[PDB]
Protein chains: 2
Amino acid sequence: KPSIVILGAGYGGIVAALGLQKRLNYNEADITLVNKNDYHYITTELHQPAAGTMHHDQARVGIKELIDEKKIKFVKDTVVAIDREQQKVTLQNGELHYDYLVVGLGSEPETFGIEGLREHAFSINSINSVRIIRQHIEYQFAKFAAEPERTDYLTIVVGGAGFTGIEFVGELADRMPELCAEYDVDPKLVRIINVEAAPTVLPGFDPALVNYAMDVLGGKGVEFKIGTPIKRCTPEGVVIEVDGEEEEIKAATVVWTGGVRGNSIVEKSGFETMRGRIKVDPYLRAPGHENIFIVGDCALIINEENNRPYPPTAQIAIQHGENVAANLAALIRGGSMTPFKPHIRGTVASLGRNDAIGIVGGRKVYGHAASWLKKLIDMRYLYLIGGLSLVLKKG
Amino acid sequence: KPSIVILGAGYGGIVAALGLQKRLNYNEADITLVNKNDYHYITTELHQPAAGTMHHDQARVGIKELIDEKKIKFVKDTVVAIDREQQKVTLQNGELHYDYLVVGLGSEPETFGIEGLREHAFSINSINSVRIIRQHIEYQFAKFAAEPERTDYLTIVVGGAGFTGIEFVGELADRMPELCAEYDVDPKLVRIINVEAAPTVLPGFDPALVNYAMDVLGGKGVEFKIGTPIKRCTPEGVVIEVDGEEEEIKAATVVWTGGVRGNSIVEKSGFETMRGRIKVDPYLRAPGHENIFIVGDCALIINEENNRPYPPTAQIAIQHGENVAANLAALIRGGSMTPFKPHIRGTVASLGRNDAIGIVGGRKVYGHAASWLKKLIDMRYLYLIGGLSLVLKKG
Ligand SMILES: Cc1cc2nc3c(=O)[nH]c(=O)nc-3n(C[C@H](O)[C@H](O)[C@H](O)COP(=O)(O)OP(=O)(O)OC[C@H]3O[C@@H](n4cnc5c(N)ncnc54)[C@H](O)[C@@H]3O)c2cc1C
Ligand SMILES: Cc1cc2nc3c(=O)[nH]c(=O)nc-3n(C[C@H](O)[C@H](O)[C@H](O)COP(=O)(O)OP(=O)(O)OC[C@H]3O[C@@H](n4cnc5c(N)ncnc54)[C@H](O)[C@@H]3O)c2cc1C
């Protein structure tokens, strides 16, 4: 009986696990799934609870509730390192030995050594961290009525106007009315400032969408500062460079959405990595190891359409999962492996709960329609992992 | 009658014991403290009596004087082994059974298998042993006037230019003028030689301090031999490797400060150890034993923030103590445990009685100032274990 160890119950790991579970049956292999928490979180929805537009329990689901415990042994613990030579994974409260290893430990923030950013800005990357953001923001608003001079309490800076930054400010902007009512704040004093170093918002995207987004978000009070890098970050706010000169923004809340890297454990375990990620072979294995598969944000894959990396996304992470599960079953039953074939469909960026932009099936989409697509597309994933029960449970 | 046994009345054990004492009331548990001597010694001060710069009684205090006998039963005896299966500790003059076990048996010298080092060099590691070093040194100086050819009587070799080695040579150097006057010795003949295998003095420290230290100590007659390992040790001195030549140093006194390891009783009792130490779980317990806590130099903890182990220090040992005491009180009361968090502040290395280097509150410090900080910092611990009575009793 071979031992399969899956590190990380995120998009990659969970999907890998649930695949193995459908593809094998009892006693074909040992399958141990390791996650730091006993829940799996819908990472792509985390911007909502961060802003408080959706309760966090809707963006997580219990792992035991998803799996067949006869088929998969679930371990709640925190990975510390990987010994490749000895095929041991060292946990915080024990060790595990594997024949096959699947690594899906996701991303960590990248602050590019920008001063203070690490210590003094928040990140949207877990359930814990979004509850902290959400409550931090509400606390600032509560403090305001008693110190109406401190408009900095009402100023929220979001670093990076990429996909995540936009989604987050959109959620913030929807929420402001309710928030201002709860705490007797004059809406006109609130400042949501999205600060991007590059010359445009959503650098890399179709300008038609960018402009539509800027228009909607500007229409709800979002200010954009473009071509504007963050020189440093403090408990009081950020310092930016405008026209080669330092200007301060006083902001009681600063959130960084400006960059991610491969979970650092991969590098520290001695794999060769680019920006913390592994450039995998065509079956998603780590170079040098015919028995180690890397999934999700830990994996780097070059796109053949251009010659640029594929970006780290849930969409591709899910696909990594399905592939590794199929290919591992093959390995186990002396079947054959199929190399990985990313089929990247389109994505939609939400703009608050009622509006959205995206390119689906080659075609641009907006507003109520775009919103529904995203929701539908996202429901596909729930269905994938928990069937109708789950799709309904998000009811 | 939950039986708590604490093995070793050093920084970890004593502080654990005095915590339990404050946190529990009568008959909540049996607390037995075991130590080989009926005194507890201030290990961090032992370099002074070793050189004779401070009487040894100032670096020890009676255990009974510190504890409440109604709360804690003190046993003077010597641990021989631990039976995990039986939950029995074998003493030299009896046995003890435990429900909970706290291990704080401190360090033993690490000689890295170097020939003779164990049998022919001294260690600064107890009150007994510093008295022996001190009286050994004085005896050599007394012998000299009657055999002026034997300048080896005036040669003292200190192995290791780490924290301890530097502190010791600094003490030796302060003391030399008095020692030469007592025994009619020509100062210019005295040789204090600090021999380090690594390529620098104080490897791991800020060079600004290193250089300042080398300057002060060189100014007082300390010679440094760096990148120079000790090939062997004999009653007549040490053999070292210079370039590739084995070169002898004739020295009537040799002291090893070059390395420590976890007390050997831990390994021989069958716990898995790295360098004699246990890699404890987040509540300081030995992996596989939910009822055994390890403290002080027996415990190994990795610095997530450099991925290298924390060094074995009194500072962290004290903190282990407090945590184990809190957590045990919890366990006794069916409560829940708080995991451990090292808060490592800064340390000062003395350089004789009137000079010192260190980093405190992020900032470097030297001379008279540095000296006072260390003295104050060290009084905090006395206060911690014996209040103002003690701080005064050392005054
Ligand atoms: C706000 C936001 C919106 C996004 N929206 C989209 C989108 O709309 N479409 C899209 O394609 N992508 C989107 N993404 C990106 C997508 O979320 C990620 O690429 C995807 O989550 C990567 O999946 P993963 O399984 O590699 O890692 P993650 O989803 O990050 O999962 C990692 C898992 O491992 C666990 N873990 C990590 N380290 C340890 C450790 N040391 N020990 C034990 N457990 C550990 C974590 O708890 C977690 O369960 C978004 C990201 C964010 C932040
Ligand atoms: C010269 C010197 C200077 C130092 N300076 C500093 C400093 O400035 N700052 C700092 O943080 N650290 C310093 N240290 C380190 C510090 O001394 C140790 O980290 C610390 O003593 C460890 O505490 P502990 O209680 O684990 O062990 P110890 O202090 O070694 O106490 C162990 C106890 O166990 C007893 N014992 C051992 N074996 C047995 C047995 N078999 N039976 C019964 N009893 C036993 C001993 O009597 C002793 O009471 C210094 C050490 C030295 C030698």
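Select from the range A:115-127 the residues that are more than 17 Å from A:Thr253 (Cα to Cα) and not small (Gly, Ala, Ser) and list them in ascending order. Explain how you work it out, then say what you get.
Filtering the range A:115-127 for residues more than 17 Å from A:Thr253 (Cα to Cα) gives A:126-127.
Answer for the range A:115-127, where residues must be more than 17 Å from A:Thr253 (Cα to Cα) and not small (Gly, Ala, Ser): just A:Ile127.
Out of (1) within 14 Å of chain B (Cβ to nearest Cβ); (2) closer than 27 Å to A:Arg60 by Cα, the odd one out for A:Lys88 is which?
Among (1) within 14 Å of chain B (Cβ to nearest Cβ); (2) closer than 27 Å to A:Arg60 by Cα, the lone unmet condition for A:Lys88 is (2).
Has the range A:309-329 got at least one residue that is over 27 Å from A:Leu46 (Cα atoms), in a loop (DSSP other than H, G, I, E, B) and not aromatic (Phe, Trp, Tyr)? Spell out the reasoning first.
Within the range A:309-329, the subset over 27 Å from A:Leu46 (Cα atoms) is A:326-329.
Checking which are in a loop (DSSP other than H, G, I, E, B) leaves us with none.
Within the range A:309-329, not a single residue is over 27 Å from A:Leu46 (Cα atoms), in a loop (DSSP other than H, G, I, E, B) and not aromatic (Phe, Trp, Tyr).
So which residues in the range B:186-209 are in contact (Cβ under 8 Å) with a residue 40 or more places away in the chain and in contact with a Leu (Cβ under 7 Å, 6 or more places away or on another chain), if there are any at all?
Passing the criteria: only B:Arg191.
Name the residue that is farthest from B:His136 (Cα to Cα), counting only residues in the range B:238-263 that are assigned to a strand (DSSP E or B) and under 24 Å from the mean Cα position of the chain (by Cα). Before the answer, list the steps.
To start, the set of residues in the range B:238-263 that are assigned to a strand (DSSP E or B) comprises B:238-242, B:245-250, B:253-256, B:260-262.
Among the residues that remain, those that are also under 24 Å from the mean Cα position of the chain (by Cα) are: B:238, B:253-256, B:260-262.
Details: B:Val238: 17, B:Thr253: 8, B:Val254: 10, B:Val255: 11, B:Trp256: 15, B:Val260: 23, B:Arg261: 25, B:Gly262: 27 Å.
The residue in question is B:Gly262.
Restricting the first residue to the range B:361-382 and requiring it to be within 18 Å of B:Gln58 (Cα to Cα) and in a helix (DSSP H, G or I), which pairs with a second residue that is polar (S, T, N, Q) and away from ligand 2 (no atom under 12 Å from the Cβ) meet a Cβ separation below 9 Å and a spacing of at least six or different chains?
From residues that are within 18 Å of B:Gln58 (Cα to Cα) and in a helix (DSSP H, G or I), the pairs are B:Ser371/B:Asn354.
Restricting to the range A:109-162, name every residue that is within 16 Å of ligand 1 (Cβ to nearest atom) and of a type in the set (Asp, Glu).
A:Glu110
Is there a residue in the range B:187-199 that is within 21 Å of the chain's Cα centre (by Cα) and under 30 Å from B:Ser336 (Cβ atoms)?
No, the conditions are met nowhere in the range B:187-199.
Quick one: which strands (runs of 3 or more DSSP E) sit completely within the range B:58-150 and have at least 3 residues that are farther than 23 Å from B:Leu46 by Cα? Give the derivation first.
Values: elements: B:60-62, B:73-76, B:79-83, B:88-91, B:94-97, B:100-103, B:107-109.
Strands (runs of 3 or more DSSP E) meeting the threshold: B:73-76, B:79-83, B:88-91, B:94-97, B:100-103.
With B:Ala299, B:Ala329, B:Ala314, B:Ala356 as the choices, which residue is hydrophobic (A, V, I, L, M, F, W, C), out of contact with any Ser or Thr (no Cβ under 6 Å at 6 or more places or on another chain) and within 30 Å of B:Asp57 (Cα to Cα)? Lay out the reasoning, then the answer.
Numbers: B:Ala329 fails: within 30 Å of B:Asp57 (Cα to Cα); B:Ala314 fails: out of contact with any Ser or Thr (no Cβ under 6 Å at 6 or more places or on another chain); B:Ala356 fails: out of contact with any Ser or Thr (no Cβ under 6 Å at 6 or more places or on another chain).
Going through B:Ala299, B:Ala329, B:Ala314, B:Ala356 in turn, just one is hydrophobic (A, V, I, L, M, F, W, C), out of contact with any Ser or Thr (no Cβ under 6 Å at 6 or more places or on another chain) and within 30 Å of B:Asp57 (Cα to Cα): B:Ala299.
Condition check ((1) away from ligand 2 (no atom under 12 Å from the Cβ); (2) within 14 Å of chain A (Cβ to nearest Cβ); (3) polar (S, T, N, Q); (4) surrounded by 19 or more Cβ atoms within 10 Å (Cβ to Cβ)) across all residues:
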residue	(1), (2), (3), (4)
B:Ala17	no, no, no, yes
B:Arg23	yes, no, no, no
B:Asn35	no, no, yes, yes
B:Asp38	no, no, no, no
B:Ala51	no, no, no, yes
B:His55	yes, no, no, no
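Condition first: among the hydrophobic types (A, V, I, L, M, F, W, C), out of contact with any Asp or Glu (no Cβ under 6 Å at 6 or more places or on another chain) and more than 18 Å from A:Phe168 (Cβ to Cβ). Now tell me which residues in the range A:216-242 satisfy that.
Within the range A:216-242, the subset among the hydrophobic types (A, V, I, L, M, F, W, C) is A:216-217, A:222, A:224, A:226, A:230, A:233, A:238-240, A:242.
Now narrow it down to the ones that are out of contact with any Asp or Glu (no Cβ under 6 Å at 6 or more places or on another chain): A:217, A:222, A:224, A:230, A:233, A:238, A:242.
Scanning the range A:216-242 gives a single hit, A:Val242.
So which residues in the range B:151-162 are assigned to a helix (DSSP H, G or I) and surrounded by 20 or more Cβ atoms within 10 Å (Cβ to Cβ)?
Step one: filter the range B:151-162 for residues assigned to a helix (DSSP H, G or I), giving B:151-154.
Matches in the range B:151-162: B:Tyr153, B:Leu154.
Being more than 30 Å from A:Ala370 (Cα to Cα) and of a type in the set (A, V, I, L, M) is the filter here; which residues of the range A:212-251 pass it?
Matches in the range A:212-251: A:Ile230, A:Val238, A:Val239, A:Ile240, A:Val242, A:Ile249, A:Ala251.
Within the bounds of the range B:70-85, is there any residue that is touching a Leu at 6+ places or on another chain (Cβ under 7 Å) and acidic (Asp, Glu)?
Yes, because at least one residue in the range B:70-85 is touching a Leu at 6+ places or on another chain (Cβ under 7 Å) and acidic (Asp, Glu).
Applying the selection to the range B:347-382, what residues are touching a helix residue (DSSP H, G or I) at 6+ places or on another chain (Cβ under 8 Å) and more than 24 Å from B:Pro311 (Cβ to Cβ)? Walk me through how you get there before you give the answer.
Let us first name the residues in the range B:347-382 that are touching a helix residue (DSSP H, G or I) at 6+ places or on another chain (Cβ under 8 Å), namely B:347-360, B:364-366, B:378-379, B:381-382.
Listed by number, the residues that qualify are B:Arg353, B:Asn354.
Would you please name the residue that is farthest from A:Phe74 (Cα to Cα), looking only at residues in the range A:1-43 that are under 26 Å from the mean Cα position of the chain (by Cα) and in a loop (DSSP other than H, G, I, E, B)?
Step by step, filter the range A:1-43, then rank; the result is A:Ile42.
Anything in the range A:330-353 that is hydrophobic (A, V, I, L, M, F, W, C), over 29 Å from A:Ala161 (Cα atoms) and part of a loop (DSSP other than H, G, I, E, B)? List them, or say none. Give the steps one after another, and end with the answer.
Let us first name the residues in the range A:330-353 that are hydrophobic (A, V, I, L, M, F, W, C), namely A:330-332, A:337, A:340, A:344, A:348-349, A:351.
Next, from what is left, pick out any that are over 29 Å from A:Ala161 (Cα atoms): A:330-332, A:337, A:340.
Within the range A:330-353, A:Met337, A:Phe340 meet the criteria.
For every residue, the table says whether it meets (1) touching a residue at least 24 places away in the same chain (Cβ under 8 Å); (2) away from ligand 2 (no atom under 16 Å from the Cβ); (3) out of contact with any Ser or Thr (no Cβ under 7 Å at 6 or more places or on another chain); (4) farther than 25 Å from A:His320 by Cβ.
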residue: A:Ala59; (1), (2), (3), (4): yes, yes, yes, no
residue: A:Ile72; (1), (2), (3), (4): yes, yes, yes, no
residue: A:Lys76; (1), (2), (3), (4): yes, yes, yes, no
residue: A:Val80; (1), (2), (3), (4): yes, yes, no, no
residue: A:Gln92; (1), (2), (3), (4): no, yes, no, yes
residue: A:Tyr98; (1), (2), (3), (4): yes, yes, no, no
residue: A:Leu101; (1), (2), (3), (4): yes, yes, yes, no
residue: A:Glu110; (1), (2), (3), (4): yes, yes, yes, no
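For A:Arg134, indicate whether it is away from ligand 2 (no atom under 16 Å from the Cβ) and within 14 Å of another protein chain (Cβ to nearest Cβ).
Working: away from ligand 2 (no atom under 16 Å from the Cβ): yes; within 14 Å of another protein chain (Cβ to nearest Cβ): no.
Answer is no for this residue.
Any idea how many residues of the range A:123-150 are among the aliphatic types (A, V, I, L, M) and either crowded, with 17+ Cβ neighbours inside 10 Å or closer than 26 Å to A:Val216 by Cβ (or both)?
From the range A:123-150, those among the aliphatic types (A, V, I, L, M) are A:124, A:127, A:130, A:132-133, A:137, A:142, A:145-146; that's our starting set.
From what's left, either crowded, with 17+ Cβ neighbours inside 10 Å or closer than 26 Å to A:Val216 by Cβ (or both): A:124, A:127, A:130, A:133, A:137.
Result for the range A:123-150: 5.
Just a yes or no: is a residue in the range A:112-119 hydrophobic (A, V, I, L, M, F, W, C), buried (at least 17 other Cβ atoms within 10 Å of the Cβ) and in contact with a helix residue (DSSP H, G or I) (Cβ under 9 Å, 6 or more places away or on another chain)? Give the derivation first.
Going through the range A:112-119, the residues hydrophobic (A, V, I, L, M, F, W, C) turn out to be A:112, A:114, A:117.
Adding the requirement that they be buried (at least 17 other Cβ atoms within 10 Å of the Cβ) leaves A:114, A:117.
From what is left, the residues that are in contact with a helix residue (DSSP H, G or I) (Cβ under 9 Å, 6 or more places away or on another chain) are none.
No, that holds for no residue.
If I filter the range B:279-304 down to residues being within 14 Å of chain A (Cβ to nearest Cβ) and assigned to a strand (DSSP E or B), which single residue comes out as farthest from B:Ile82 (Cα to Cα)? Reasoning before the result, please.
From the range B:279-304, those within 14 Å of chain A (Cβ to nearest Cβ) are B:279-290, B:300-304; that's our starting set.
Retained after the next criterion (residues that are assigned to a strand (DSSP E or B)): B:279, B:285, B:300, B:302.
Values: B:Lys279: 18, B:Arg285: 15, B:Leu300: 19, B:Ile302: 25 Å.
Of everything passing the filter in the range B:279-304, B:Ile302 is farthest from B:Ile82 (Cα to Cα).
Restricting the search to the range A:120-139, which residues are without any contact (Cβ under 8 Å) to a residue 60 or more places away in the chain and over 22 Å from A:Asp297 (Cα atoms)?
Result: A:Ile132, A:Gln135, A:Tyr139.
Here is a yes/no grid of residues against (1) touching a strand residue (DSSP E or B) at 6+ places or on another chain (Cβ under 6 Å); (2) more than 10 Å from ligand 1 (Cβ to nearest atom); (3) on the phi > 0 side of the Ramachandran plot:
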residue	(1), (2), (3)
A:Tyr41	yes, no, no
A:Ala50	no, no, no
A:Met54	no, yes, no
A:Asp57	no, yes, no
A:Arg60	yes, no, no
A:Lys70	no, yes, no
A:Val75	yes, no, no
A:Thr78	no, no, no
A:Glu85	no, yes, no
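Criterion first (more than 16 Å from ligand 2 (Cβ to nearest atom) and either touching an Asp or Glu at 6+ places or on another chain (Cβ under 9 Å) or within 20 Å of A:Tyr11 (Cβ to Cβ) (or both)) does A:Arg308 satisfy it? Working first, answer last.
On the way: more than 16 Å from ligand 2 (Cβ to nearest atom): yes; either touching an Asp or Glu at 6+ places or on another chain (Cβ under 9 Å) or within 20 Å of A:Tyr11 (Cβ to Cβ) (or both): no.
When the stated conditions are applied, A:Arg308 does not pass them.
Laboratory data are not the source of any read-out in this text; all were calculated from the coordinates shown. Ideal geometry is used to build each Cβ from the backbone, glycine not excepted, and the neighbour counts take in all protein chains shown.
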